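Colleague: Residue numbers (the deposited numbering), protein chains in the order written: chain A, 3 to 19, 30 to 372; chain B, 3 to 19, 30 to 372; chain A', 3 to 19, 30 to 372; chain B', 3 to 19, 30 to 372. A prime marks a further copy of an entry chain.
Take this structure, written in structure tokens, and hold onto it; I'll ask about it next.
There are 4 protein chains.
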Amino acid sequence: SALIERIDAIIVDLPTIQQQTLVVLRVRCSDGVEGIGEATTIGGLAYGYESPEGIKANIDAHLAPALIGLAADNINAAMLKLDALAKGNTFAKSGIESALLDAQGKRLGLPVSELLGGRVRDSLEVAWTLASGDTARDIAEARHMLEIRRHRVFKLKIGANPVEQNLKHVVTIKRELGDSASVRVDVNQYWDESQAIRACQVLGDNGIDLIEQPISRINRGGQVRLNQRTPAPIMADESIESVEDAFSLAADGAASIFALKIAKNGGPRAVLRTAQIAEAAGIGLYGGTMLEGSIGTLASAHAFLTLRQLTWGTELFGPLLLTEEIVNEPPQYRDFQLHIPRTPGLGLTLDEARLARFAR
Amino acid sequence: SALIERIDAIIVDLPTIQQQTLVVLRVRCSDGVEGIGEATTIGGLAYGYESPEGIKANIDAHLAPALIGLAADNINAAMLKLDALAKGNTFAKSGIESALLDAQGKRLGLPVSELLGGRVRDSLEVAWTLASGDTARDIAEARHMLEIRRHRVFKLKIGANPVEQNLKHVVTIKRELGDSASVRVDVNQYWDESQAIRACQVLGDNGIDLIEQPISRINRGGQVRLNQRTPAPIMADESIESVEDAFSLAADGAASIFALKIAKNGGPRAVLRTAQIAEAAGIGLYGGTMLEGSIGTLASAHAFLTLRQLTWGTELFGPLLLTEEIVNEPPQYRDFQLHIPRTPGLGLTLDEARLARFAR
Amino acid sequence: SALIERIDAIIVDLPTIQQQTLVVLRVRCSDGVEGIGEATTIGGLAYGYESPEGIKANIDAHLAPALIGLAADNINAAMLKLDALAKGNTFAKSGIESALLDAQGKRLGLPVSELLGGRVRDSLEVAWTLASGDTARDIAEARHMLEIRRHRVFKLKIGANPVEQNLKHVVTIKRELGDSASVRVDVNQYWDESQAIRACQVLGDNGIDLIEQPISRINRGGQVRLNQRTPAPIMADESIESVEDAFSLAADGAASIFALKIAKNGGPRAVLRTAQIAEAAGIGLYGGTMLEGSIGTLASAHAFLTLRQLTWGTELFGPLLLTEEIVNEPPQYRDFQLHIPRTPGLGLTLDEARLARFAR
Amino acid sequence: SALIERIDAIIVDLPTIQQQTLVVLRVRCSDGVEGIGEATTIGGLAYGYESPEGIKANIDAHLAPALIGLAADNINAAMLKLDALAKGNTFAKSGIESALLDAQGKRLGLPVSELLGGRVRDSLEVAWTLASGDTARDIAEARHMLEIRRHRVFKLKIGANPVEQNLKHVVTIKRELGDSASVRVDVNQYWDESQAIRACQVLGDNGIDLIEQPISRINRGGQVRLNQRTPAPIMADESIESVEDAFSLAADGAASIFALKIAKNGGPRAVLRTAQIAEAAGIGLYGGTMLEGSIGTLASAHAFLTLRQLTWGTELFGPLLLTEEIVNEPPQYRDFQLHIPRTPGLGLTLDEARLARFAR
Ligand SMILES: [Mn+2]
Ligand SMILES: [Mn+2]
Ligand SMILES: [Mn+2]
Ligand SMILES: [Mn+2]
């Protein structure tokens, strides 16, 4: 019955704790109900082929036009249509599926986690990226985050400095924190196998719990090798740019952990398809992020809530990086977790004034 | 909101065109809504480790008790719980998930296909197993089924007679029918690789469209080999006894086609998990059956309706084999297809009198 | 000459040191001889798809009817028939083959180990699962078991608590016991490869002799990987759900040790088929248990007696867990071993009164 | 109870339809019972490393001495002992296990097939090697054998003449016989992969049912390749020189059919170990022969009788090649089969006079 009448893709720049750009989606349905979503990336084109500009451009010019007039309640049909009409564009697709799921949740008065099957938990463990680039600074922030019971899992973004420097930094931090916190790294494809061979060993020998995307996705055999040789488990993130990529990697034994990002898969339903594959292969899960705001973070969270298990938790800390939001409901972070309300849809409403404010 | 108050597993023997036993499930919810499902097999234990007797025994003694008091609306949590409490028992689990999905569909007034994402079609191509055991009779039945436009896809159950005899039979039928019908075989694991090597070639060289489960699931390498050497595509059925089996087979390249049976996977949601994996690997789909009645057939159909594509259609002909049904709504078979109503749930209601009649 | 006249499957709940349920089998032969067997599992459906209820249901409804009138002396023909009529149901099949072997042993006045070829030993090393869940408690029990010379091999059931907690627990116990006892673990599929990677290393680096089923049977490649990378040998248990599973695993190099459980294979003859395959591949053996009572334990033992070698002994401690038995002859545990009499059959007779007592 | 008191290995040369040498074994037990066996090969050392001379030499000097005093009833222990004391020597071991099984069968009054588990059939299909070396003669012999209903399955020993000549010969014979008989070849390792590539295709394209050992056992990859490319199934014979060889081949996918020869495995129990492995891998079976007399043929037959299935029958025609036998009971060949009596042991007794006659 309800139809998709219009979809708006709005580029919004928000201040952080330094701007963060999100593409807010608003799908208006003939039944008066409106869903909101979010297609967010990091650094224009540096973390994916989809920039905020390219995202809005294609939604406006291609994806949205293909949906107007379609049943808002038939998300599958809509999303399958988007797949027949467009190659990739998972970020843009993710924002749209998120909005459609939100709209469908308010319409049925069910939270998205329920639309997606039913939550098995009401909160998710949330990791925190220590980014000060200063070891002492990072250890202080870690101790602080532990103090206020906000985070007990920390990840270090490395690979940008000499291998030995990052190794020192990361091992110093773990050394200092001990068993009071879990320490992980994310090399974001910065190392080549020859560099990863030694670093991975050192990290694993010094209490690092997991090594996220050490080398580039272009070296598949190296991932398979490190998944066999690293003392510390290897997690695939950038290597997954789609659900089929997830199967490919699982079939190869390229990672014992898969990071789950709706943006890299195509939305909440798409990320569960990847998760489903991981569970079938026996691969461990992790709730990933592209540093989304509450909308994208909640879209992710609602999906992760249905997961039987997330051995390595999540890094759904995106909203805490922003000093301003475009939704009224502030994220609920208490005791190392993100608490998700049972309210319908994503449980979020737009802060119209701020939207107008930061919309570029 | 609504809770699972009581689940009934009823063994029903129905006359066929020779009895057919189904285990009818009735899950009654605290909100007055009741869902019906079906856990059906063929021949006691000859086609699966789950017999009608074992199915009712375990639902009563284990599965059902674990669900009473649980939210009827949180199907994922319920089914995940059944997985934590019981190994296998996909048939029993399938009947229960089917009933839960039915009950949830009436409660929200949405057809199960929609609960499952949204249908991309309203009917499914239906194949017909020619069973007369007589070549001439089978060819007659084929032409008859073509005439009344009920079936244009036929499968022959072989492997029970000498290889040459079945080969002759099957090739004679295809030759006689020409391009007016698609002819497939299902050897039900009856051949060993050494027998399949020649038969598969002959069948493929004589217009047989696909070869369903030629050899036993115990010979994995043989399946991988035949998937590489058969002139006719190899479809995996019995080899899949779970979603993880589907991943295993896909990772191996053991079949270019996967038959989808909710019974062998654990229900409508479980069969879609397997289908999702097949789609990710690029494996072709087929809607399979354990010869369910309208309930199981409709539970399957509602899931298959959301599938982007089913290259080889379905064999959802189960209800046409029975001369009596325990539901009021007769299956809609017209023009080589099974038509699925948009009505809520499975769109079926129990024929109380007949239920009482055939319930053993 | 002698025929199978009737088979009784009796569900018996016995008190333990907390109930333990066994399905006692009684096969009555036309020659007056009667054999007894046992189909026992742990926790209904939590350790196998076969529950006590499902076991009795299928024996009564399917397996037994197929055997009445058949030659009691032709166990092969009978068991092969059960395989043609039923998929899986190894537990139920195991109880029946055990009873048939017992009956055939009394009839020929030969112990089952002899029927099975001939014993090469008269006793088996028996391991003991320390289960108190309390480290200090477990170390005390270990020291005690060593004292009375009952056990010098101990296994810890882990995987239910955080990896670090179980690691600590297990390493603390080994540390404390030193070279006076062998310490093994059984994770019962509780870990996912990403968790097993580090735990296995730690365990192997701290004197743990072997790691039983660290990850789930759904992750085959992970087993192959850990069988290559674990400092401590990997043993397959739950991964084997049949003799063909054993071949599959051996062909893959998924474990350097196979646990031998008649229940998971289909009986004493079936477990030897698996053992035979293991010996051919060079895979090490272990006498496994589903915590059977004296009947199932003796059925297992009689088979394990014919084994050339059992590098890691057995865990045939099932009877010591029960405070009551349904057989008259008490198990012979002395000097870290289970001593098997040369008496005919299993060397056991039913304690009719107790049978009637605990039969549910 | 009964012990092995003395074992005699007697070399006997028998006239054929041209001599055939067998090593007759006589194991005398302390209980008065005596078992007879046979260790027979073809051509001294040309078909195995074990010649009649080497066989008697080692039994006398090594195997037999190790058994005197041992329990005649504990065959497993005895045979396992022979394995600990001697590498290979399967022929010699086979004659001894055969004799032990015979002696144990008379002692218990059970036929060997029963000692081995229980027969599932009373006769076996018997193939016939057409050896005239003349196409026309061979076709005549084939029609004759069909007429008297003695054989309907024929094999041609090829590989000794140019590939084309043998191809012509073999294809001419099949063409001439049509579907009235099954035609197979045995190249006895005579071809190298480069020759087999074309021949196998031609043979398979001209109705040859299977290709026995086309190339040498030294080329493992070639066997794996031909098992993948031959239009006609590949059977392994010479490649199997032990049970572990059988596992190796099955693990490799080197043949879809395994020939079963007790001589190449180590006796009736050993051949069943190989058969069990084949059944587990899904490999097809065939009862092979080294052209044994009634003793070796019956030892084989009693084992093959317990086999669930032998897709390609047997070639147990050995006794029909001899014009004189050293046993009193003449083999029962009627209607394409060898009929096995239910009598105890092998059902054979020595023809003392003839034994003394032909014993070299
Ligand atoms: Mn990452
Ligand atoms: Mn099928
Ligand atoms: Mn275990
Ligand atoms: Mn041969």
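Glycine included, every Cβ here is placed at the ideal spot set by N, Cα and C.
Which term fits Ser144 of chain B, buried or exposed, when burial requires 16 or more other beta carbons within 10 angstroms of its beta carbon?
Modeller: As a first step, residue 144 of chain B is located in the second sequence; it is residue number 132 there, counting from the start. It counts as exposed.
Colleague: How many whole angstroms separate the CB atoms of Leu112 of chain B' and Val39 of chain B', which I take to be in contact at a CB cut-off of 8 Å?
Modeller: Indexing the fourth sequence from 1 puts residue 112 of chain B' at position 100. Indexing the fourth sequence from 1 puts residue 39 of chain B' at position 27. Indeed, because the Cβ distance is near 6 Å, the residues count as touching under 8 Å.
Colleague: What first and last residue would you give for the beta strand (DSSP E) that runs through residue 29 of chain B'?
Modeller: In the model as presented, chain B' runs from 19 straight to 30, which leaves residue 29 of chain B' without coordinates.
Colleague: In chain order, what residues of the region 69 to 95 of chain A put their CB closer than 9 Å to some CB of chain B?
Modeller: Those residues of the region 69 to 95 of chain A that come within reach of chain B (Cβ to Cβ, closer than 9 Å) are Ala83, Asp85, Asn86, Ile87, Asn88, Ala89, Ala90, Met91, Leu92, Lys93, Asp95.
Colleague: Of all the CB atoms in chain A', is at least one closer than 8 Å to the CB of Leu120 of chain B'?
Modeller: Within the fourth sequence, residue 120 of chain B' is the residue found at index 108, counting from 1. By this cut-off, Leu120 of chain B' is an interface position.
Colleague: Just how far apart, CA to CA, sit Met157 of chain A' and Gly325 of chain A'?
Modeller: Taking the first residue of the third sequence as position 1, residue 157 of chain A' is located at position 145. Taking the first residue of the third sequence as position 1, residue 325 of chain A' is located at position 313. Between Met157 of chain A' and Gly325 of chain A', the C-alpha separation is close to 16 Å.
Colleague: Name the chain A' residues that come within less than 8 Å of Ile269 of chain A, Cβ to Cβ?
Modeller: For the purposes of this step, residue 269 of chain A is identified with residue 257 of the first sequence, where counting begins at 1. By Cβ distance, chain A' contributes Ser206.
Colleague: Out of B:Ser42, B:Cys212, B:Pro226, state which residue places its alpha-carbon closest to the alpha-carbon of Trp203 of chain B.
Modeller: Locating residue 203 of chain B in the second sequence gives position 191, where the first residue counts as 1. Per the Cα distances, B:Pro226.
Colleague: Give me the Cα-Cα distance between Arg229 of chain B' and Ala287 of chain A', rounded to the nearest whole angstrom.
Modeller: Counted from its first residue, the fourth sequence places residue 229 of chain B' at position 217. Counted from its first residue, the third sequence places residue 287 of chain A' at position 275. Approximately 26 Å between the Cα atoms of the pair.
Colleague: Reducing DSSP to helix, strand and coil, say where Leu297 of chain B' ends up.
Modeller: For the purposes of this step, residue 297 of chain B' is identified with residue 285 of the fourth sequence, where counting begins at 1. Strand, per DSSP.
Colleague: Could you check if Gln225 of chain A' belongs to the surroundings of ligand 3, using beta carbon to heavy atom distance under 7 Å?
Modeller: As a working note, residue 225 of chain A' is residue 213 in the third sequence. Answer for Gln225 of chain A': yes, Cβ within range of ligand 3.
Colleague: Can you list, in chain order, the residues of the region 318 to 331 of chain A' whose Cβ is nearer than 8 Å to any Cβ on chain B'?
Modeller: Answer set for the region 318 to 331 of chain A': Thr318, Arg320.
Colleague: Within the same chain, show all residues whose beta-carbon is closer than 6 Å to that of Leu97 of chain A, passing over the 5 residues directly before and after it, in chain order.
Modeller: Along the first sequence, read from residue 1 onward, the residue named residue 97 of chain A stands at position 85. Same-chain partners within the cutoff: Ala78.
Colleague: Let's see if you can read the secondary structure: which residues bound the beta strand (DSSP E) around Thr52 of chain B?
Modeller: Taking the first residue of the second sequence as position 1, residue 52 of chain B is located at position 40. Where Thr52 of chain B is concerned, the enclosing beta strand (DSSP E) stretches over 46 to 52.
Colleague: Based on the DSSP secondary-structure assignment, which residues constitute the bridge partners of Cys212 of chain A'?
Modeller: Counted from its first residue, the third sequence places residue 212 of chain A' at position 200. Answer is none; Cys212 of chain A' lacks a bridge partner.
Colleague: Would you say residue 377 of chain B lies against chain A' (beta-carbon separation less than 8 Å)?
Modeller: Look at the range of chain B in this structure, 3 to 372, and you will see that residue 377 of chain B is not part of it.
Colleague: Using the beta-carbon count (16 or more within 10 Å), is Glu159 of chain B buried or exposed?
Modeller: Residue numbering aside, residue 159 of chain B sits at position 147 when the second sequence is read from its first letter. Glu159 of chain B comes out exposed.
Colleague: In its own chain, which residues sit with a C-beta less than 8 Å from the C-beta of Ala89 of chain A', not counting the 5 before and 5 after it?
Modeller: Working through the third sequence from its first residue, we reach residue 89 of chain A' at position 77. Same-chain partners within the cutoff: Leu82, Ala83.
Colleague: Which residues in the same chain have their Cβ closer than 8 Å to the Cβ of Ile352 of chain A, if we skip the five residues on either side of it in sequence?
Modeller: Mapped onto the first sequence, residue 352 of chain A falls at position 340. So the qualifying residues of the chain are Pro123, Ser125, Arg131, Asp134, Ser135, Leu136, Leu310, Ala313, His314, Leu317, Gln344, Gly359.
Colleague: So, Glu224 of chain A versus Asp198 of chain A, is the Cβ gap smaller than 8 Å?
Modeller: Sequence index remark: in the first sequence, residue 224 of chain A carries index 212 (1-based). Sequence index remark: in the first sequence, residue 198 of chain A carries index 186 (1-based). Yes, the Cβ-Cβ distance between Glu224 of chain A and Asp198 of chain A is below 8 Å.
Colleague: Between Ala271 of chain A' and ligand 3, is there a pair consisting of the residue's CB and a ligand heavy atom that are separated by less than 7 Å?
Modeller: As a working mapping, residue 271 of chain A' is identified with position 259 in the third sequence. At least one heavy atom of ligand 3 is nearer than 7 Å to the Cβ of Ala271 of chain A', so yes.
Colleague: Report whether the distance from the Cβ of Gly300 of chain B' to the nearest heavy atom of ligand 4 is below 7 Å.
Modeller: Reading the fourth sequence from its first residue, position 288 is the one you call residue 300 of chain B'. Yes, Cβ of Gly300 of chain B' sits closer than 7 Å to a heavy atom of ligand 4.
Colleague: Whose C-beta lies closer than 6 Å to the C-beta of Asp43 of chain A among residues of the same chain, with five residues either side of it excluded?
Modeller: If you number the first sequence from 1, residue 43 of chain A lands on position 31. If we look at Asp43 of chain A and ignore the five residues flanking it on each side, its Cβ neighbours are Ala4.
Colleague: By the three-class DSSP mapping on this structure, what secondary structure does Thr33 of chain A have?
Modeller: Your numbering for residue 33 of chain A matches position 21 in the first sequence. Correct three-state label for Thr33 of chain A: strand.
Colleague: Hey, how far is the Cα of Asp217 of chain B' from the Cα of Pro243 of chain B'?
Modeller: Stepping through the fourth sequence from its first residue, residue 217 of chain B' is reached at position 205. Stepping through the fourth sequence from its first residue, residue 243 of chain B' is reached at position 231. For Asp217 of chain B' and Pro243 of chain B', the distance between alpha carbons rounds to 7 Å.
Colleague: Within 8 Å (strictly less), CB to CB, does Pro280 of chain B' reach chain B?
Modeller: The residue labelled residue 280 of chain B' in the question sits at position 268 within the fourth sequence. No, because no Cβ of chain B sits closer than 8 Å to the Cβ of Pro280 of chain B'.
Colleague: Over the uninterrupted alpha helix (DSSP H) stretch that includes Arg196 of chain A, give me the two end residues.
Modeller: Position 184 of the first sequence, counted from the start, is the residue given in the question as residue 196 of chain A. Unbroken run through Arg196 of chain A is the beta strand (DSSP E), 194 to 198; no alpha helix (DSSP H).
Colleague: For ligand 2, is there any heavy atom lying closer than 7 Å to the beta carbon of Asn86 of chain B'?
Modeller: Here residue 86 of chain B' is taken as the residue at index 74 of the fourth sequence, counted from 1. Checking the Cβ of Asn86 of chain B' against ligand 2 gives no.
Colleague: Only counting runs of 3 or more residues, tell me where the beta strand (DSSP E) segments fall wholly within the region 247 to 313 of chain B', in order along the chain.
Modeller: List check, beta strand (DSSP E) in window: 269 to 272, 296 to 299.
Colleague: Show which residues of chain B' have a CB atom less than 8 Å away from the CB atom of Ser228 of chain B.
Modeller: The residue labelled residue 228 of chain B in the question sits at position 216 within the second sequence. Near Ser228 of chain B (Cβ distances below 8 Å), the residues of chain B' are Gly294.
Colleague: State the Cα-Cα distance for the pair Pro245 of chain A and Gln177 of chain A, rounded to the nearest angstrom.
Modeller: Indexing the first sequence from 1 puts residue 245 of chain A at position 233. Indexing the first sequence from 1 puts residue 177 of chain A at position 165. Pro245 of chain A and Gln177 of chain A: Cα-Cα distance of roughly 21 Å.
Colleague: Output the distance between the C-alpha atoms of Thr184 of chain B and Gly60 of chain B, rounded to the nearest integer angstrom.
Modeller: Position 172 of the second sequence, counted from the start, is the residue given in the question as residue 184 of chain B. Position 48 of the second sequence, counted from the start, is the residue given in the question as residue 60 of chain B. Between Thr184 of chain B and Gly60 of chain B, the C-alpha separation is close to 31 Å.
Colleague: Please determine whether the Cβ atom of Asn231 of chain A lies at a distance below 7 Å from any heavy atom of ligand 1.
Modeller: Taking the first residue of the first sequence as position 1, residue 231 of chain A is located at position 219. Flag unset: Cβ of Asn231 of chain A not near ligand 1.
Colleague: I'd like the list of long-range same chain contacts for residue 28 of chain B, defined as Cβ closer than 8 Å, with 5 residues on each side in sequence excluded.
Modeller: Looking at chain B, the numbering goes 19 and then 30, which leaves residue 28 of chain B without any coordinates in this model.
Colleague: Name the one or two DSSP bridge partners that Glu137 of chain B' has.
Modeller: As a first step, residue 137 of chain B' must be located in the fourth sequence, where it is residue number 125. In the DSSP output, where bridge partners are listed per residue, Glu137 of chain B' has B':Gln349.
Colleague: Beta carbon of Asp249 of chain B: closer than 7 Å to some heavy atom of ligand 2?
Modeller: By one-based count along the second sequence, residue 249 of chain B stands at place 237. At least one heavy atom of ligand 2 is nearer than 7 Å to the Cβ of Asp249 of chain B, so yes.
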